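Counting with the entry's author numbering, you get residues 1532 to 1622, 1627 to 1672, 1675 to 1720 for the letters of the sequence shown.
All residues carry an ideal CB built from backbone N, CA and C; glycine is no exception.
The structure under discussion appears below in the form of structure tokens.
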Amino acid sequence: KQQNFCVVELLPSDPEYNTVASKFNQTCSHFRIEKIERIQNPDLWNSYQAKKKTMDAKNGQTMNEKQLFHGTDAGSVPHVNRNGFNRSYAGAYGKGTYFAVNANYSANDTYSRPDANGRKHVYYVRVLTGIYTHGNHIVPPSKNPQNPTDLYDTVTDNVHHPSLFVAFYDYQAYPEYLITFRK
Ligand SMILES: NC(=O)c1cccc(NC(=O)/C=C/C(=O)O)c1
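Following this line, the structure appears as structure tokens:
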């Protein structure tokens, strides 16, 4: 299972396109979008769905999935397209992977670092946030001290008004779209 992938450009025409643009535009309408691409990685996608199938049947009425933003340098884009956000990724709440509710956070040059042509990249990612608590600065805390292998799926900065989520597990996030844009 080598998780090869294709990149398909999203046509302005595509219903999909407008949904990503709108959500991006809530907090980043001052940036100019060059393009939006869909990342098609069947092995990565299947393994993502496997964890979701598990997580749904486990968390009852909880909506496990959210769509969050993650900014990264150009160099990491191939890495992320193949391996999502699993383990071997160089790009005070955790040692997992951070994801932003609002594009503007991710659009910081420190995450969405401009390349030579001045182009910034932010993914719009399906993340399985599941059941979360407030996090502190490598594995999530345990839900129940009397049953402590049962863990929070993610942690967040504020539980009832969250602006970021941290994932620590494998196949917990799928990089469905990439948004390329400039200042
Ligand atoms: N990659 C992002 O878009 C993003 C979004 C929200 C938060 C962060 N990262 C952090 O706040 C801290 C990352 C780290 O300490 O490695 C990145």
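Residue range of the unbroken alpha helix (DSSP H) whose run includes residue 1580: 1573-1589
Between the CA atoms of residue 1535 and residue 1664 - distance to the nearest angstrom: 25 Å
Cβ shell of residue 1658 (< 6 Å), same chain only, five flanking positions each side left out: 1601, 1712, 1715
Residue environment, residue 1620, which counts as buried when at least 16 other CB atoms sit within 10 Å: exposed
Cβ neighbours of residue 1677 in the same chain (closer than 6 Å, five flanking residues each side left out): 1688, 1689, 1692, 1705
Inter-residue Cα distance where the pair is residue 1695 and residue 1679: 17 Å
Residue 1649 versus residue 1558 - alpha carbon distance: 18 Å
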